[PDB]
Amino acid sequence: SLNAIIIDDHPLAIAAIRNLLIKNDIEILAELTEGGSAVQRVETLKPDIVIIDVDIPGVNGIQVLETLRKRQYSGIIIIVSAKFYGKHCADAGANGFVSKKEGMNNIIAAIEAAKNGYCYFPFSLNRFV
């Protein structure tokens, strides 16, 4: 089974994401509710997947993503948001960015995409049409 760390301070989403991962044969190594300890916990526990909520207190979510990549973390990072900011997360080296409002199916799709070598980010047709 793949291993994950959940980095999110929102009670409802924490429970939903934990239940989603366990249903999909992914083990949870740790759950964090702030960003201050995140880079160290990831470096110690060596998860395959890190899910990072954009509004984590302490060290900010995107900063955690940037620092993990800078420090050569090679695993799957999916950014989640309670609600345009996908592009920045893509440029910062996330494997996906998922809005939690549309449910949990998108987080598991993003992890699947990432395992397959693909990224999973919001699409805006208005940029092109």
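Position 1 is the first residue in the sequence shown; the rest follow in order.
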| property | result |
| --- | --- |
| Count class of coordinate-free deposited residues lying between the neighbours residue 83 and residue 84 | 1 to 3 |
| Segment of higher mean CA temperature factor, 101-109 or 117-125 | 101-109 |
| Given 84-92 and 54-62, the range whose Cα B-factors average higher in the PDB entry | 84-92 |
| Chain third (lowest, middle, highest) by recorded CA B-factor, residue given as residue 74 | middle |
| Cα B factor band for residue 48 (lowest, middle or highest third within the chain) | lowest |
| Residue 67, C-alpha B-factor rank within chain (lowest, middle or highest third) | middle |
